[PDB]
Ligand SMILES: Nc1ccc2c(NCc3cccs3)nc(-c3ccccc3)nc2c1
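The chain below stands alone, shown as structure tokens; this is the form deposited without the named molecule.
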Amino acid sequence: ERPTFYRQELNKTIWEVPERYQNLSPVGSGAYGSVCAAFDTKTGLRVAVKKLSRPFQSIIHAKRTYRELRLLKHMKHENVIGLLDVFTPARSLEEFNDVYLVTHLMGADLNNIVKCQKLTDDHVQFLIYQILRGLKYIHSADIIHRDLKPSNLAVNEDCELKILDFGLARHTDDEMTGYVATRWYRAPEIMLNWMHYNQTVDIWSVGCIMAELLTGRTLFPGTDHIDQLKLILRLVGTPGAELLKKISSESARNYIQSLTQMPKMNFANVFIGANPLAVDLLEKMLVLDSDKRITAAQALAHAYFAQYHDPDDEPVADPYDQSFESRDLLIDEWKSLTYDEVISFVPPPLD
């Protein structure tokens, strides 16, 4: 049943992993967790192993660890990060304090691709198709990613794409401040807290990404929140009375009304030389009123993706029980719940 584990110190941290994982080599960084690349001798796959930093330190961390594991165990889709394995060296709940998570090793993110390679319209078609395909899956389980940007999209040498790094923790105010890529892909309602957000925030992010694939350049590289809002409103226009009413914040609504009114720009004169179907799709995604944006399912049927669209191979997710989110528990209760999820994990099959 239980595998044999071996110990190894790598960069001032003790990795204790099953024997199946060999040639552990440190990768990236770790405020969320330390990450090693390894070779999985059971599957034959190169894998990334994450050891969680201080998982049951507070109630908020313990719940976040449970949330991450619940979410990762659910995701079973080609275009979304899947769990290969989850383990602990603990033999009981009483000595449980470390969680390790295993997934397929990724080399390149979409940021590396747009920076370093020239992309044809067919590449943009295929890349955006795959993001939307994964988003249809994610959104069908009532999961909102909340933080789609090129650095959270893993891409291989065949242009095959996966969505990673879900909005699990809140960002700090400081990492959202200034001339930063962490805010450039955020929908303005979430960036400025206009109203209760919903899954359509992710479609805004896809439009920003699509635009950057087409031009090679950030669409809204604001130097701060307000500079970024001005860049957004220059392109899409200032809001009308209908959207203004939906902005629940009185001060945010007051500030918007201080701005000089601007019409929506001609997107064919911004996205010069782009496929007219790409421009049409962008106009449907980069809509200020979140209720009027195209959804992922709607966008997959758009003519831009006619080469790739297959309605029989665009699956939806199994129902995801998210009722834990409204629940208030103790640390040892979240920890016990987390332990049950580690021990009940079944690896995905062979093909």
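Under this definition, the rigid core comprises the largest set of C-alpha atoms superposing within 1.5 Å between the forms. Only residues modelled in both forms are compared. Counting begins at 1, following the sequence as shown.
Not pictured, yet referred to below: the form solved in complex with the named molecule.
For the ligand-free chain shown, place the named molecule by superposition of the C-alphas around its site using the coordinates in the bound PDB entry, and mark the site blocked if 3 or more ligand atoms sit within 2.4 Å of backbone or C-beta atoms, otherwise open. Blocked, since after superposition 3 or more atoms of the placed ligand lie within 2.4 Å of the backbone or C-beta atoms.
Within 4.5 Å, heavy atoms only: does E212 come near the named molecule in the bound PDB entry? It does not: once the named molecule is placed as it appears in the bound PDB entry, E212 has no heavy atom within 4.5 Å of it.
Does any part of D291 reach within 4.5 Å of the named molecule in the bound PDB entry? Heavy atoms only, please. Residue-level check for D291: yes, a contact with the named molecule.
Could you tell me if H77 has a non-hydrogen atom within 4.5 Å of the named molecule in the bound PDB entry? Contact with the named molecule, no.
Is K264 close to the named molecule in the bound PDB entry, meaning a heavy atom pair under 4.5 Å apart or at it? Judged by the heavy-atom cut-off of 4.5 Å, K264 is well away from the named molecule in the bound PDB entry.
Looking at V279, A141, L192, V270, which is the one with a non-hydrogen atom within 4.5 Å of the named molecule in the bound PDB entry? Contact with the named molecule in the bound PDB entry is made by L192 alone.
One residue of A252, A274, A90, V180 in contact with the named molecule, assessed in the bound PDB entry (non-hydrogen atom, 4.5 angstroms): After the contact test, the surviving option is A252.
In the bound PDB entry, which of 90 to 98, 213 to 221, 125 to 133, 184 to 192 comes within 4.5 Å of the named molecule (heavy atoms)? Heavy-atom contact with the partner occurs in 184 to 192.
Scan 254 to 287 and note down the residues that get a heavy atom within 4.5 Å of the named molecule in the bound PDB entry; none is a fine answer too. Read in sequence order, the lone residue that approaches the named molecule (within 4.5 Å, in the bound PDB entry) is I256.
Select from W194, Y129, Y185, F87 the only position whose Cα moves 2 Å or more between this form and the one not shown when the core is aligned. Looking at each option in turn, only one qualifies, and it is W194.
Cα displacement of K246 between this form and the one not shown reaching 2 Å, rigid core superposed: Moves: yes, 2 Å or greater.
Given that the shift is 3 Å or more, do the Cα atoms of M195 and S326 end up closer or farther apart in the bound PDB entry than in this form? Note: Cα gap between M195 and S326 shrinks in the bound PDB entry.
Assuming the CA distance changes by 3 angstroms or more, are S323 and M195 closer together or farther apart in the bound PDB entry compared with the shown structure? Closer: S323 and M195 approach by 3 Å or more in the bound PDB entry.
Only counting residues present in both forms, give the runs of 3 or more in a row whose C-alpha shift is 2 Å or more between this form and the one not shown, core aligned. Three-plus residue runs displaced between this form and the one not shown: 194 to 196, 244 to 254.
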